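In the block that follows, a single chain appears as C-alpha cells, in the form deposited in one PDB entry.
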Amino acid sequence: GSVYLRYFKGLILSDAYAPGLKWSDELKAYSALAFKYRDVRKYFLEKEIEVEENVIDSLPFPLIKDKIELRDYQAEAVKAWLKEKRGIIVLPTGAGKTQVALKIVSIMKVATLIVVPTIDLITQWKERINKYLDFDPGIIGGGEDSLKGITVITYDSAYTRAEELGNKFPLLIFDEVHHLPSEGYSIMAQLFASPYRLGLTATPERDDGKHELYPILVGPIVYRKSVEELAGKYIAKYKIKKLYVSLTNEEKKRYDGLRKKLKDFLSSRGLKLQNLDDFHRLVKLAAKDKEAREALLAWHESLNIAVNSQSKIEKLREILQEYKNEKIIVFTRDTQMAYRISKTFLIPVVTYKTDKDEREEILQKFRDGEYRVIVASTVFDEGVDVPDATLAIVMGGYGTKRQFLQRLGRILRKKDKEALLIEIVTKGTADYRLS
C-alpha cells in the first residue's frame, strides 16, 4: 500500500494503523505523539509498505571542524550509542560527557538540538561548541532567540516551542537527562519527532523512580561507567603508586601493644572485629561496658599510629626531593598531620577551618607558582575548587572516599602529560577495611 505519514503540531499522523498509533476522530487519522515517528516508519518499511512521508523538515547541518580527540572509554561510549542512536550515556561528572556528545554530532552530521536545564549550562555548551566544533551555535534561552543547524535550548523553551521545533532537528541531545521524566518535560520529549536521541547524566536514577520512563522518552542506558571503574589502573591517565614504610621502633611497640590488648579482649568475650557488623556490636557494647570502650579506643589508637606514622614524613621528604620541579599537593585526613607536615617542610597548609580569605590566597599563590607545594586536609573538606598539580601525595585515609577519587581525578586530569598519585602506607600493620 501507499501509507502517508505526516507530522502535525507535535504528532505523527498516518493513513494506516501501526502499533502505538490510535485513531483520531478529530483528525480523521491514526495518530500518536511525534516521537513514535521512528518506530512506526520502521514498522512500515519492515513490511514493504511504500512510506510517503513528510515528517522531518530538517534545518541544514552547518559547517564544522572537528577538533575533538577522545579518550578510549569516550569512544566505546560513542560506539555503543551509534548502534541504535536512541539511548543514554552515563558518565560521572568531569569524565567529559560534552565531548562524547559533540563527537556524535560531528559523526552524524544532522541538525542537532541540545537541551540543558540551566542558563549556565547554555553558556558552557555554547563555549564548548565554539572550541571543539568551531561553530557559534544557535541559542534559545535566557532571553536570546537564535536558531541554527545546531542550537542550545533550555528544557523550558523546548517544552514551550516543541510543536514548532519537533520536526526540525533529527538529533536530540538531552543534557542532564534525569530531568526529562519530570512533569512538564516528559511531554516535551514525546512532542519531538527526532529519530535520534542522546541523553547525558551521571545521576540516571530518580527518587520518584520515573527513570523507568527513559526507554519511551530518550532511549535506554547503553553505556555506564562509575568513577571507580574510570579510575582503574589501565583506564585512568595518571599512575597510582603505593610506597611502603615501616613504623618507628617505638611506634611498633605501642601499635603491637594496643593490638594485643584489643585482641585479648575480643577473645575474652567471644567477640570478633572482622566486618562492620562486628564493629556495630562493639560500639553498642561500648556505651555501657568500660572494657569494650577501651578496646574500641585501642582500635582507634592503633589505627592512628599506622596512618600517621612519623616514617611517612621521612618518606615524604625523599619524595619531595625526587620531584623538586613538579607541582605537589599533599593530602591528609587529620588536621594535626597537616600541621606536622607544614612545620616540618615550611609549606602552606589548608584545612576545612581556614578562613576563606587565606584559603583563597594559598591556592592562588599555588596556581601562580609562588608556592610550589602545599598540604591539605580532607576531613570535612571536599577536594573541590583546587588547581592543577602534577603530583598528589596521599598520606592517610580510610581508603579513598568516592568523591575524593573523583576530586583527585579532576586535579590530575589537568595535571600534565602523565601525572602521578602516591599513597604512603605502613608495612606490618593490619588491614582495617571492614566489610
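Numbers for residues come from their place in the sequence shown, where the first is 1. Take the two forms, find the largest set of C-alpha atoms that superpose within 1.5 Å, and that set is the rigid core.
Although it is not shown, the form deposited in another entry is what the next lines describe.
- With the core superposed, find the residue in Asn130, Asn275, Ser146, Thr203 that moves its CA 2 Å or more between the shown form and the other one. The residue that shifts is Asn275.
- For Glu50, is the CA shift between the shown form and the other one at least 2 Å following rigid-core superposition? False for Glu50: its C-alpha shift is below 2 Å.
- Message: Is the shift of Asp66 between the shown form and the other one large enough to count as movement, that is, does its C-alpha move by 2 Å or more after the core is superposed?
- Response: Comparing the forms between the shown form and the other one, which are aligned on their rigid core, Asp66 does not shift its C-alpha by 2 Å or more.
- Query: Any chance the CA of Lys253 moves 2 angstroms or more between the shown form and the other one, core superposed?
  - Reply: Passes the 2 Å threshold, so yes.
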